[PDB]
Every structure is written in structure tokens, then in C-alpha cells.
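>>> my complex, first installment, coordinates as in the assembly:
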Amino acid sequence: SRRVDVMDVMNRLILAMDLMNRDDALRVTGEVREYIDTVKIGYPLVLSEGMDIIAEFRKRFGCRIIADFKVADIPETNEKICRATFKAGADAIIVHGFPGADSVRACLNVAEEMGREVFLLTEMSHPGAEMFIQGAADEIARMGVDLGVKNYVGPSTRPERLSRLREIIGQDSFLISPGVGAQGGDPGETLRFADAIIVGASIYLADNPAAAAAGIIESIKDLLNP
């Protein structure tokens, strides 16, 4: 990405905090705070500890929050979900593109009004993505561009797909990518196209999360700056 008006992710590493217990979640996040300042919080944690967990993370840690809720409902419900989520302190929210343009627009409008951001998930990192998602991936990405979407989520496990997504969305867009580590994606190859990588279990399940985070960062030192 060439734009400077994007969230500045420390070390280009976003922690996918999917532990389902407040104690383990707060412990691991705290132990890696030195390397990460942007945390992706999803339903595994939220449905287990509640939305206030978002406020607490910003309190204890001075981190940005990406609510990975893969919003995928009708326009009316999507609007409500985004409103509740931003009200709770989320800086950005991840939204699915497959439900259509109106569903995505609903999220974009709320984000616009509240001054927050929407990240469009154009395709996924798991095996199942090949069944229905990849066939529509190109068009979903193009729909995002036409809608004026500037933030995207693409698969680390499929660098060949990530290259294509980047070409479609352009350099004036921001791209983050999950699937690194546990799913087999490589941090370095992924950062050839993505602006930041998302890492979950490789860090939060490690005997030493801090060392795991440090190791990943060391492995991409040549791609770290700016």
C-alpha cells in the first residue's frame, strides 16, 4: 500500500486473540504488548467474555481493536451490528463481501458516520474456500473497489490469490492477511502483498508467546520498515 492514511500496525503484526478465557486472553496479549499494538478480537472471545473485553484491552494495553465479526447479514441487521460494535470501542470491523453490495454498503455507511473503518473479506484461507468463495473472489474484490472500500482481508495460505487481490484493489488500499503459522502461511511471502499479517495460535498457544512473537518479527526483519 502507498497510502499513509491507514492504521499504523506496529511491526506489521496483528494478534488474532481467539482464546476464550479472559485470563488467558489478557495474559497472552499482555506478554506480547511490546511487539504488537493492534489486536483482532473475534466472536470466540466476545461471545465468551462480552463486548466490554474490547474496552478493557485498550485500557490495559494501548492497542487498536479490529472486531473480526465477519458481518454477513442483510443491510438492516448489518447496520445494527456495526453500530453496536463501534459503540463498544472497535476501531474497525471485518465484513463479508459474498452477501452482496447492499450488505457491504450498509457497513460502510455506519463506519463513515461514526468515523471508523470497514475491512472487506474478499476470500478466505481455509480449504473450504475453494467450493464457492474463490469463484466469486475476483468479482467480490472488484465490488469492493467500486464501493470505495480501502481496507481488505486476504488469505496468507494462498499467496497466488493474494497477488491477484492486491492487483485488483491497487496500491491505494490497505490489506491484512490471516493464515500465518497454524494454517501454514509464511510471514515473509505474505508480506510481499499484505501490509500486515494476522497471527493467532502460533502465538497464543506457544509455551512462550513473547518469544513466538519476537521470532516471527525477526523472520521478517527485511520487510519490517517503514
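Alright, I've got the coordinates. Numbers count the residues shown, from 1 in each chain, chains lettered A, B, ... in the order given.

>>> Just give the number of residues close to the nearest residue to residue A:52 once chain neighbours are set aside.
Leaving aside its sequence neighbours, residue A:52 sits nearest to residue A:88 (C-beta to C-beta, 6 or more residues apart in numbering; 7.6 Å). Any C-beta I mention is one placed from the backbone N, CA and C, and that applies to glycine too. Around residue A:88 there are 16 other residues, counting by other C-beta atoms under 10 Å.

>>> Identify the residues contacting residue A:88.
A:51-52, A:54-55, A:67 (C-beta atoms under 8 Å, 6 or more residues apart in numbering).

>>> Quick check: residue A:53 touching residue A:29?
No: using C-beta atoms under 8 Å, residue A:53 is not in contact with residue A:29, being 10.3 Å away.

>>> who's more crowded, those two?
More neighbours surround residue A:29 than the other of residue A:53 and residue A:29, with 22 against 19 (other C-beta under 10 Å).

>>> What helices and strands are in contact with the one helix or strand residue A:16 maps to?
Assigned by DSSP states H and E, residue A:16 belongs to strand A:13-17. If contacts are counted by 3 or more C-beta pairs under 8 Å, 6 or more residues apart in numbering; DSSP states H and E, strand A:13-17 sits against helix A:22-32, strand A:38-42, strand A:196-199, helix A:201-204, helix A:209-219.

>>> what's the nearest residue to residue A:155 if we skip its chain neighbours?
residue A:125 (3.8 Å).

>>> Might one say that residue A:16 is in contact with residue A:202?
No: Residue A:16 is beyond contact range of residue A:202, at 9.5 Å (criterion: C-beta under 8 Å).

>>> Which of the two has more residues huddled nearby?
The residue with more neighbours, out of residue A:16 and residue A:202, is residue A:16; 26 against 19, by other C-beta under 10 Å.

>>> Which residues are in contact with the more buried one?
Taking C-beta under 8 Å, 6+ apart as the test, what residue A:16 contacts is A:40, A:42, A:68, A:178, A:198-201, A:204.

>>> which one of those residues sits closest to residue A:104?
Lowest distance from residue A:104 to those (C-beta to C-beta) belongs to residue A:68, with 15.8 Å.

>>> Would you indicate which residues of the strand ranked longest in chain A are buried?
Longest strand in chain A by number of residues, with DSSP state E as the criterion: strand A:64-71. Along strand A:64-71, these residues count as buried under the neighbour rule (16 or more other C-beta atoms under 10 Å): A:64-69, A:71.

>>> just stretch A:133-142 next, same as before
A:133-134, A:137, A:140-141.

>>> Roughly how far does the residue nearest to residue A:155 sit from residue A:24?
Applying C-beta to C-beta, to the nearest Å, the value for residue A:125 to residue A:24 is 24 Å.

>>> Compare the two and say which is more crowded by neighbours.
Between residue A:125 and residue A:24, counted using other C-beta under 10 Å, residue A:125 has the larger neighbour count: 22 against 14.

>>> Put this one in as chain B:
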Amino acid sequence: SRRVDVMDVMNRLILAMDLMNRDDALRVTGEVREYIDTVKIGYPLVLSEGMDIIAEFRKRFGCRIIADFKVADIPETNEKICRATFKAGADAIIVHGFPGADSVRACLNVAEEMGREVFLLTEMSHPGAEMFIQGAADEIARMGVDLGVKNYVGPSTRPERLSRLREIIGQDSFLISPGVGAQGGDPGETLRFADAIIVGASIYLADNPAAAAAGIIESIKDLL
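Chain B added:
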């Protein structure tokens, strides 16, 4: 549907309780309880009041709860979402099929392991559904059949699509359909294929929710 062991939804009417305040949500639900015993609780309410709200609905009104979370993540995450959801008193959970068979199977395994139900959302009711979901709907339904899914969600706004979906899933499957009221779906044509209809705003935003529910039931009395 022709199956005898299907979910028994009173008056074939499911309340989509999408109000975002526990007071209005609980009050309106109580107001229509004599007409509805099955409530669909989604993220608008859950993200606003917390997951404990599900048990509250059960304790207060003894209604069955369908957690409409449109689960649409990778298998591993879907697993966690379903587990947390069934631990909250949800009798069932709605999952997306677009992410593929592994994502759906993950939900099915948890439901089976925790003795609850999974509803597979095939085609959606809004206009945008025509862009990508509609073209994959029949295949998603067939995937559901092959996986052993017995509960489905289809659009009331497109009865002709609902008819095709019913053909694919068979009569031994349970089908619920949203889109009645606010979205212009016709209850009559919808119930020709769906076992139960989902109604939200046409009821919870009505000056008199009870009267609203009553009216809906009156318009489909011949199907009850």
C-alpha cells in the same frame, strides 16, 4: 416438511427479536408470548446486552431460542463460536454455507456433540443475495443434504427459489424463512414451502406488537 420430530414452532411464527435494548426486547417479547414460543435472537441484541440475554428469555418466557449468528468463519473458529453459543442456552444456531463444507461440518460436529441443532442458511432474502449467493444456493443446499443437515433457512422474498430449495432438501427437512413484512415477503406463498416464517420489524416496531402478531396469524390461519 413431513418429518414428525421437527422443531415445534407455535403458529409457525418465529419472532426475529432485533431490538437492541433489553427492556424493549423483553417487553415486546412478553407482549406477543401468547402467539409465539420461538424467538430468533441475533447479534443486534447479543452485542448490545451480552450472551446472558438468551438465558433471560428462557427463564422469563420459556421460549425456544435460535441464535442467528450467521456463522461464517474457518472451521476452527466456527467450532469455538458454536461451543460458546450452545453454552449460553441456544437451542439452535444459524450458519452460512458459502464458506464451504468444512466450515459447516465444524458447526454440525459441535451441535451433535452438545446435543443442539444447526440451521444452514442457503439463499438470503435481500437484493444483494442475487449477486453471489443465489447462484451458489442450490449447490449449498445439496452440500447440506450430503453433510446430513436437516434444518435450513430460505428467502420468503423469492418463493420460487424457496420451492426449488425445498425440492433439494426434501420433505424430511425443516425450513424456516425470513423476509415477511418489512421486506415484502408474502406469508401465504412462503408457507407453501417453509414450515415456519420469521418476522421481525413488522412486529417489534408496531405500535401494538400483540395486535401485529395476531394479524399475521389471522392471515395464515388456514395453514395452522
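
>>> The buried residues of stretch A:133-142 again please, this time with chain B.
A:133-134, A:136-137, A:140-141 (16 or more other C-beta atoms under 10 Å in any protein chain shown).

>>> ok, back up a step: export the longest strand of chain A to PDB, keeping only CA atoms.
C-alpha atoms of strand A:64-71 as PDB (Å, rounded to 0.1, in the frame of the first residue of the first chain):
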ATOM      1  CA  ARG A  64      -6.100  -0.700  18.300                       C
ATOM      2  CA  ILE A  65      -9.000  -3.100  18.000                       C
ATOM      3  CA  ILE A  66     -10.300  -4.800  14.900                       C
ATOM      4  CA  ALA A  67     -13.600  -6.600  15.500                       C
ATOM      5  CA  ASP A  68     -13.500  -9.700  13.400                       C
ATOM      6  CA  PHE A  69     -17.200 -10.300  13.200                       C
ATOM      7  CA  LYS A  70     -17.400 -11.300   9.500                       C
ATOM      8  CA  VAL A  71     -20.600  -9.400   9.200                       C
END
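
>>> mind listing what it pairs with, with the direction of each?
Strand pairing for strand A:64-71, determined by DSSP bridges: strand A:38-42 (parallel), strand A:92-96 (parallel).

>>> and the angle from it to strand A:13-17?
With axes from the mean of the first three to the mean of the last three C-alpha atoms, to 10 degrees defining the directions, strand A:64-71 sits at 60 degrees from strand A:13-17.

>>> chain center to the very next helix or strand once past strand A:64-71, what's the gap?
For strand A:64-71, the following helix or strand on the C-terminal side (DSSP H and E) is helix A:75-87. The chain centre lies 18 Å from the centre of helix A:75-87; the measure is C-alpha atoms, centre = their mean, to the nearest Å.

>>> Against which helices or strands is helix A:75-87 packed?
When contacts are defined as 3 or more C-beta pairs under 8 Å, 6 or more residues apart in numbering or on different chains; DSSP states H and E, helix A:75-87 packs onto strand A:64-71, strand A:92-96, helix A:101-114, helix B:43-49.

>>> who touches it?
Applying C-beta atoms under 8 Å, 6 or more residues apart in numbering or on different chains, the contact partners of helix A:75-87 are A:51, A:67, A:69, A:71-73, A:93, A:95, A:102-103, A:105-107, A:109-111, A:114, A:116, A:118, B:18, B:20, B:42-44, B:47-48, B:126, B:128, B:182, B:201.

>>> Please point out which parts of that helix sit buried.
The neighbour-count check on helix A:75-87 (16+ other C-beta under 10 Å) flags A:75-86 as buried.

>>> Which residue comes closest to residue A:126 once chain neighbours are left out?
residue B:74 (4.1 Å; C-beta to C-beta, 6 or more residues apart in numbering or on different chains).

>>> Now that neighbour. Its backbone dihedrals?
Dihedral pair for residue B:74: phi -70, psi 160, per degrees, to the nearest 10.

>>> Residue A:219: neighbour count?
By other C-beta atoms under 10 Å in any protein chain shown, 12 other residues sit near residue A:219.
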